[PDB]
Every structure is written in structure tokens, then in C-alpha cells.
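Quick note: numbers below take in every heavy atom, side chains included, and nothing from hydrogens, waters or symmetry partners. A note on names: the letters A, B, ... follow the listed sequences, proteins ahead of strands, and every chain is numbered from 1.
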Amino acid sequence: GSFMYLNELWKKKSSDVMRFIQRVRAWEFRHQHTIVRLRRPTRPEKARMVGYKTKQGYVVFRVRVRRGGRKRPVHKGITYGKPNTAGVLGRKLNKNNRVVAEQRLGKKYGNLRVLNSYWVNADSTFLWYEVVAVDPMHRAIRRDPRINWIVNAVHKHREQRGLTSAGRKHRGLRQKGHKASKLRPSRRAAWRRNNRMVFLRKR
Amino acid sequence: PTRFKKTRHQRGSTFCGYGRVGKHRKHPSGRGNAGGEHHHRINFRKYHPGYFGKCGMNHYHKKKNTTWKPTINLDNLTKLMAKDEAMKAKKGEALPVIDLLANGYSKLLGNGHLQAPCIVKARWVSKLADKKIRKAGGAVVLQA
Amino acid sequence: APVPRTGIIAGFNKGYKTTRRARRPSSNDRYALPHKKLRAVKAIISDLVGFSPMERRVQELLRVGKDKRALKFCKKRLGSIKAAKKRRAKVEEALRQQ
Amino acid sequence: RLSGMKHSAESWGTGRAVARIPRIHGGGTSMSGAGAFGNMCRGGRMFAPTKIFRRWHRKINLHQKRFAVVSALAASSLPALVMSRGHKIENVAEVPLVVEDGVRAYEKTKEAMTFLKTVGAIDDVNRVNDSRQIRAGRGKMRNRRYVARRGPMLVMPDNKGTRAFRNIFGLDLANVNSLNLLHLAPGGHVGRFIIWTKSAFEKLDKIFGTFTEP
Amino acid sequence: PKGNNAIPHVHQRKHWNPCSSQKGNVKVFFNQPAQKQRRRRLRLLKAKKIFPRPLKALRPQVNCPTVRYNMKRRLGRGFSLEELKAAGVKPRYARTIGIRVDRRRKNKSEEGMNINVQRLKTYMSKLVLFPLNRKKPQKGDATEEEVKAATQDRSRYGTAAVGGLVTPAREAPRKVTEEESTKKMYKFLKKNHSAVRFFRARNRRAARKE
RNA sequence: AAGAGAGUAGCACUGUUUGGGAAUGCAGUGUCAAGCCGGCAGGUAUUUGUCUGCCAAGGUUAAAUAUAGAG
RNA sequence: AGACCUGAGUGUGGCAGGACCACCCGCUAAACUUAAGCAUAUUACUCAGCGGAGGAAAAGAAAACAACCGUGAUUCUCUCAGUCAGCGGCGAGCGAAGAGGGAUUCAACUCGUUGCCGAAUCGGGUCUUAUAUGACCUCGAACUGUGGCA
Ligand SMILES: [Mg+2]
Ligand SMILES: [Mg+2]
Ligand SMILES: [Mg+2]
Ligand SMILES: [Mg+2]
Ligand SMILES: [Mg+2]
Ligand SMILES: [Mg+2]
Ligand SMILES: [Mg+2]
Ligand SMILES: [Mg+2]
Ligand SMILES: [Mg+2]
Ligand SMILES: [Mg+2]
Ligand SMILES: [Mg+2]
Ligand SMILES: [Mg+2]
Ligand SMILES: [Mg+2]
Ligand SMILES: [Mg+2]
Ligand SMILES: [Mg+2]
Ligand code: NA
Ligand code: NA
Ligand code: NA
């Protein structure tokens, strides 16, 4: 169908025509706000793959995040203690930038439920993602059996607890079997299991 | 029980068996296995001569289930049969059949004097076990 | 029934003979079949967008006749050597066609 | 786990002409400057506070438990050991006492009391009745206010004919399956007055076996 | 003075003990007899509600893996698609009448397949299958007063109809064959073992010989 | 008759993490796929050929489990 | 003058913030201490700091194990195992997984994509005792694709 042509065209990102389109868009995004609301997604086929459904209640935002590694927030760049814990510039954050974009949107607008996100553009300073959200109070959302699970209170701020696709990635949940034995339910759940002291009644 | 301890005998002795000169202090020689090469060298060398150092090749992902191989000797084969069967069969008669896998054994070693002839099913067998059971009037049937 | 087993441990067919049903056809074997529709769509798109700067460098190396240097360049860009050999075959065939 | 240690005490150090114990901070309370945190101080933490992962229960070999039950049963068959434990069996006949199976069909406690008098087991019941008294010590504040002695046993083939013999003070009921050593040897002392129903008596060979019979 | 003792390695330096400054990391079992009573109560309650359905659904018999457990049999998750086809039962309809179904099992030999097919056939012949509508019975179903004779199964393993696991019977006493009293079985087994063990070395020798 | 999720997986450098050891998981930047003999895993690195098991990059889901200073 | 795109103002109907925080999820993150000194190591992927839920949470339906006569989503328990697996100034120390017996279990489903259709969908108003998975209307949203069948 038509999806096939759009999907394969987006795999040629380093082509002359594609690089021209992205260069113009990146200039345009550079002169906008950190969070901007869109009428329609930039990539309709990528949005529908991750949950967007062009109905009443689905919204799309574009979020901007800064690039580079994390700098430790210590006074004057001075650390104390053992030299093993030194260094203010060379360490990195343990969360990826896709999940930082989702958390920045959800924290600002508390009446929405964040669904998913995807990559849109990048340059030397900024990176752009588009986040799909749903509101839970709308009648169209509440009566649709394929999306009305998100109305339940157990899914409030699910992006702040690392329950989205980007959150599952940095938690190690893409792996299974012998590659994820020490973190499968959760990293803290496995640590409790292996470190608690057990006293049987008739030991 | 607390009433059987030495603490009950030491009520009124003021030192509890630790002396006036060198008292009871906390860790006068270090914690755990500290100084095993410096000030505890004689104790380690005398009683644990192989503690320090390396030896041999490594083996990642051991999986101990692949090397399961219990052994039983020809001298203990009677314990796997019924009491009457031990004396019922001899040489040219019908012999009892022993299956080692059901009883939890893999290899048949031949040690000692065989009591009664029999037919044994096993995964592995020895040179001596094969020769001794054949002379006595039995046989070995290989299993898997 | 493929390769009936012997009755013993060790010996190129380890033991406990059974009857060894062949297999189930399953549905994941279509992953190994050719994808004609997927190939045709990619042919249209590659026609539209043209060539990438990485492919231009490889094509200029193959024109001179430095096939080993082309593979070394592709391996650094693409990672594995299996991917590098695939890319060189694709650029070479496109040159031959045109 | 926090008892006695919920203060911010610290030592005053040396040079203040007081002992080096930690002392409570603040002022205006009569608790200020008082000793804290020590097992010798008032309101302080005790020495070696008790924990819940003390070993409370014990394991016993299965064969040893069955040996103990068998020995206690044999001790109950000797009248000399029964009298020495404290039971009054002067009016009983033919120890061990075995009675007919019509006992299980009693419905009224009055009928049960007549049966106990007929076989001479009422003297042991009266001994328990007269010994009831208020327990000495702190135990009477902790839901154990009265103490009484142990009377006869009545062993039954199952849990069927119990209604008439309950509510009789000083009479104990038992099932031939699952005999309890804590009941057969109260206090560790062997030899207990046991009354056997006929049906329960005939099941002892099967439950415990004989010599040369598993 | 220490003497001749083992080197301890006790592994207890990680703040597991609850004190005035540490929450601790412990697990006790004081609720073990209470939880045993509760689980038993729920099993009896479930039986009363779902009467007369069996407590446990039907499961297949499978072989344990590795050489340590080669000879042992146990119960599997569910029946295979090949097995269900052999007994003529649809998979979605099978789950309805209390048969567990597994869509991942492979059935690599006929001996395992034939055992599980016989399990389904016996279960089918023992089902009574109360009609959906008592006034209008359709298809071969339970007749009248056959419903009143039903009885719940509480075997804890679901073996009321199929039974236990099937294992080959022990062999009977026989006589030693003339060839069994002559053949050297260690020589026979070592020759096969050496063929695989020295496969690479022998090939290298022949290649050098050429 | 077709198809099955791309700045995704992989690779290089740096940092952290793991029992994971010529590199267990993750993060940043650079580079960046295959699907015409496909891809991932098979606990010692590389190139080549077989065999076995699965088919990532979208989502929901009771029961058996915790309550280590709550209601 | 009129469309479409992008963007404002007002009106109507709604939602977010704060508290609790024992247990649970995500980040950030020590030193005392041990090594009879100490810098890698240890304490510890702990305490302190920030954010977010529930009656439990999280996990969960194979890009999984194995190498067998083969198992078959997740979680938990005994055990594997203080391991003749492994890491470590190879010192002090640290340290799991598959299998096996069990608890629970009628446990499983569907978006996108491919093929056949192409507003059959949604919102609002009215009627049927009805803010119906019903009917009628609707230059309202939606063809830059809602829905239905394999
Ligand atoms: Mg003296
Ligand atoms: Mg002394
Ligand atoms: Mg001394
Ligand atoms: Mg006090
Ligand atoms: Mg001395
Ligand atoms: Mg305190
Ligand atoms: Mg979930
Ligand atoms: Mg809040
Ligand atoms: Mg609350
Ligand atoms: Mg020190
Ligand atoms: Mg010191
Ligand atoms: Mg110091
Ligand atoms: Mg949940
Ligand atoms: Mg550690
Ligand atoms: Mg659709
Ligand atoms: Na007193
Ligand atoms: Na990438
Ligand atoms: Na904390």
C-alpha cells in the first residue's frame, strides 16, 4: 500500500533530497519554543505505528532537548572523598534523551496521559522528538475499547516511572534470559531477592 | 541455655578468664583473615599450604547437570536386588536383570569379589568390571 | 525421519533410539523466502533519491580498481564484514547496470 | 528497635569534671545534661536488645518421636508407674482399662458421670476438681489465672462420641490416630491413667506394629 | 591464639540487621501455619463454586531434559496442536471443556505423541458434557438423570480419568546369550567414544599424508 | 497471493554497571544496516562453512508475592 | 470576494497542582568503616536529595532454555550454592543461572503493516420510558484515513 513507499523513503536519511528537507525543517524548529503543539504529526505513518489514531482526544506535541553529556552540579567543579568518585565532565546520564522529552511534556501538562514518542530531527545543539498524548476525560476516548485502559488511575504519569518504550530501554527490559537475569522484574527487586536474610521456622 | 554457660561461673571474678596484664580488647590482631601473609604467615603456611596462588584452567558456564555420573562397584551389586534373588540364580540358570539408571547410577566399576551372576544395564563400564562379570556368568548391556 | 539413533552413548549418534518425527512446517519460514513486493518498492525509492555520499566514494574506488580498499572503507562505515561485502556487491551491480 | 535511642545525645568530652557518658541536649526540662544511650543509664537502651529471629522452634528425628510415644504407652500399662506419677487408681480393675463401645452413644453429661463412677475413674476426676486454685505470681495477669492437675484419658477411635464427655472438668479426650506425647507424658513424666474404648484398643496392632511386623 | 581451623567466609557485612539506625533486610516465616490454613480454605471454596467441574484441568505427559533426568516423566503445560488434530478436537473448543493447550510444543517423536493422544481419547470417553440448554439438547450431550449422577474430582493432579504417568515395565529374568558371554563391551564402547574424540586429529593426519 | 514496527539494531571512542572474564546491561557523540541464498542467540577474540532455537525496535492483562517507623 | 494553511481573542463543558508516603516504580548519590597503613577494592549500585502510583506495585505471552528419550508467558518458595561456575593490590573480600519438587493457573489477547471494502466511524441535535453499540438530520470533525471483514 501507500505505507510501504513512505516507510522506505524514510530509510534514505542520508540522501540529497532527504538532507535538504531536514535542513530546512531544522532551521525552522530552531526559532520556536521548547514545547509546541501541532495539528497533525510530521510523520503520519510513524505516529500511527506507536499509537496515534487521528480521532478526538489524541494530540501531538514537539519537544526539544539539548545534546551532550551531563555535567555534575558541584560547587566550582570540586569533588570530595576518594579519587574514584572524581570527575565533573566525563560522566553520562543513565536515562536516554527520548525519555527526558516524554517526562518534560508530562510534567508541564498534568491533565494529559503520555502514550509514546518518536524521533523527528537533530542538529549540532538540539534534538527533537514528537510525543503522542491522550486525554482521559473525553467521551470518544472513554468509550473506545482499544484505548480506554489509560483512563484507569494506575496509569497516571506512567512516563515518570519508566513504563513507556523509551523507559523500558534504559531499564534493560529489551533483553531476556541470561542477558537480563539480574534485572528482570526490576533492578531493586532482584537486589532484595538476593540480599535478604531468610530464617526458616525450623532451620 | 544460659544457666550452663561460663558466664554463670565467672560472676564475681572481675576478669572472666582474660587476665589482668593482657586484657580483653577489640581486634588486637585485625579483622577476619587479615595479615595472612605478614603477621599470620606461620599459621597459614602450616595448616593451609595451598591457599595463596592459582592453579589450572577455567570453565565458564559450568552447568553441572552435564557431568552427572554416579558409580557403583561390583561388590555392592547385591544391594540392588531382592534378598531371594541373590541365592536363586547361578551360572547357567535364569539371572536377575539390574537396570542402573532406575536406581540412580551411571558407571559400573569392578572392585572386589562378585557374589552372584546377573545382567547389568549401564551407560558406562570399566575394563575390569567387564572381564569379571563375564567370567562369573553374567553380561553387560549398554544403555543410553 | 532423519538419522535414527544408535542404542548407546558416544559414537556419532548418541543413543536411546526413538522414531523421530520430521518437523512442523511452521510460519516463520516465510522470513527466508524472497520478498518481491518489498524489492520492487525499494527499486522505486532508490531511483528517486539517487546515491549517498558513502556510495559515491565506494563507486569511485571500484572504478579505479581498488577492491580491497573499497571493502576496508565499507567495513569501517558499516561495522561487520558481512554487511561490508553486501554493500560492495550492491554498488558494483548498480554500476554494471548503468 | 528504636527503644531508648530516640535522642540526640553526645558526650561532653573530658575536662568538664564529669564522666564521659553521652548526655541529652537542650535546657529547661530536668532531662537536660542527663545520661543517655547506655545500658546503665536511666531511660537508656538495654544490653543486647532481643530480636525476633531467635531460634524458637526445634526439629526432632521422626524415628525418635515414634520411639518416645511407644515408651510412654508402655509406661502407662504398669500400675506402679501410674501411681507414682500421682493418679488415684485404687478402685480400678484390670489396668490397662478397656471398656465397651456403648460409651460413644451417650448424649447427656449425667450419663457420662454415671459411667465414670461405675468403672472407678471418678477419684482421679475429684482430685483435679479439688486442686483448682489461683496461680501464684505474675502469670495470673497474663491470661492464665487458674491452675489444675491432669486427670484420666479417654481414647476414642475417631472424633464422634465426644459431646457427652466434654464439659466434664478433669477429663481428657483423645483420638487413637495422632496420639500426642505432650499429653501422654505431662511434664516429661511417664505413666498416665488411660481408659481405652474397645475399638481403639484393637487398632494398636495396626498403628504401631509388632516385633517382626511392620 | 588461632589454631587449625577452616577459613570462615561467613558473608555478613552488608547491614542486614535491624537496629536503631538501619531498617534491615530480613524475612521470617511466622505466618507459615496460617497461610497453609488459608490456602486450603480457598481450594475448598473454589471447589464448591465450580461444582461439578474438576479442580485441575487436563495436562500432558512430557520428558525431562538433560542426561540427569532423561528417564523421568512429569506433567507439561498443555497439549500439542499435532496431538489435538490426531484426536479430532479443535483447539479453541478444547480449552472450553477443561483441556490445557500449548501452541509451542513440538512433538519430536511418535512415542511421546501416542501417549498424549491416548490421554485425550480416554478423557473424551469419560466426559459427560452437560447441555447448554436443558429444554433443547443439541449434539451428543448428557441425557436426563445423567446430570444428577455427576461428581467432582479432587485428585490434586487431575488423574481421575487418565490416571498416572506411563513408564516402561521392568524386564524379567532371562538367560545370558552365547554372544553376550563373549563380546567385550568396554572395547565396543571405547572404540565408538574414540571415533568422536579423535575426529579432528585423525583428519589432520590424513590430510598431511595426502 | 503478499507482508509483519529504521537515525532502529550494529560498529568506534569515552564513562558507568555486572560473577560476566579480548568487553553482562546501559548512556553520550561519531558512523549507521539486512530482508536474492534474511536477522538475533548458542558464556575465549578473528575469517569461512554447517546445525539448533527464536523473529526485536507498538499496547493491555487476574492468581500465587511485599507492607522493614502508613491508614 | 472567496477558499485553504498557519495563528490569536472571547464564550460553554471539563481536568492538573496539595496531602499521605510502611510496602512499590524512575533518577541522583556519600563518607565513617574493613583491608591491622593506603590510592584500586569494600561499606554500597546502601543512607541523605528529587519525581510518581496502588490496594498492592512492578513483571508477563519467547528475536527464551538447552544439546536431552528434549522443555514451553510472568511471579514466588525449597534447592541448585557460600558453589573444586566465576570476579578480585587473585589480597581483604565478593558472587549468580539452566535443570528438579512445589504455590497459582478453563490465561490469554490486539494496534500498525499485507489483502478485499472505502465514512459503513466520531461529535452534536431530535424521537423511541433510553446523554441505547437503535433510528432520522447535520456545507461539524475525518479521505494527510475513522471503521468492517480475512
Ligand atoms: Mg583466681
Ligand atoms: Mg580464658
Ligand atoms: Mg592478648
Ligand atoms: Mg527504656
Ligand atoms: Mg602466644
Ligand atoms: Mg537515631
Ligand atoms: Mg504493563
Ligand atoms: Mg502529588
Ligand atoms: Mg494514596
Ligand atoms: Mg584502615
Ligand atoms: Mg586499625
Ligand atoms: Mg586512617
Ligand atoms: Mg499492573
Ligand atoms: Mg556488589
Ligand atoms: Mg485502521
Ligand atoms: Na512474688
Ligand atoms: Na543508533
Ligand atoms: Na533514600
Pull out every protein N or O sitting under 3.5 Å from an N or O of nucleotides 69-71 of chain F, one pair per line with the distance.
residue, atom, partner, partner atom, Å
F:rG69, OP2, D:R1, NH2, 2.9

Under 4.0 Å protein heavy-atom contact, by nucleotide of nucleotides 45-52 of chain F - B base, S sugar-phosphate only = --SS----
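- At a non-hydrogen distance threshold of 4.0 Å, nothing from residues 115-125 of chain A comes into contact with RNA chain G.
- Within residues 175-184 of chain A, the residues approaching RNA chain G are A:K176, A:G177, A:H178, A:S181, A:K182, A:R184, by heavy-atom distance under 4.0 Å.
- Looking at residues 152-166 of chain A, you'll see A:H155, A:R158, A:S165 sit with a heavy atom under 4.0 Å from some atom of RNA chain F.
- Contacts between residues 54-61 of chain B and RNA chain F, defined by a heavy-atom separation below 4.0 Å, involve B:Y60, B:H61, listed by number.
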Side-chain donor-acceptor pairs of residues 85-93 of chain A under 3.5 Å, sequence neighbours excluded:
residue, atom, partner, partner atom, Å
A:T85, OG1, A:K82, O, 2.9
A:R91, NH1, A:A86, O, 2.3
A:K92, NZ, A:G90, O, 2.8

Scan the side chains in residues 56-68 of chain B for donor-acceptor partners under 3.5 Å anywhere in the protein, sequence neighbours excluded, and list what turns up.
residue, atom, partner, partner atom, Å
B:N65, OD1, E:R68, NH1, 3.3
B:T66, OG1, B:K63, O, 3.3
B:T67, OG1, B:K64, O, 3.3

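- For E:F29, the ring-ring contact (aromatic ring centres under 6.0 Å, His included) test picks out no residue, with sequence neighbours left out.
- For A:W149, the ring-ring contact (aromatic ring centres under 6.0 Å, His included) test picks out A:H155, with sequence neighbours left out.
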Could you list the donor-acceptor pairs under 3.5 angstrom formed between side-chain atoms of residues 73-81 of chain E and any protein atom two or more places apart in sequence or on another chain?
residue, atom, partner, partner atom, Å
E:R73, NH1, E:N70, O, 3.3
E:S80, OG, E:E82, OE1, 3.0
E:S80, OG, E:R105, O, 3.3

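- Under the ring-ring contact (aromatic ring centres under 6.0 Å, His included) criterion, C:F73 pairs with no residue, sequence neighbours left out.
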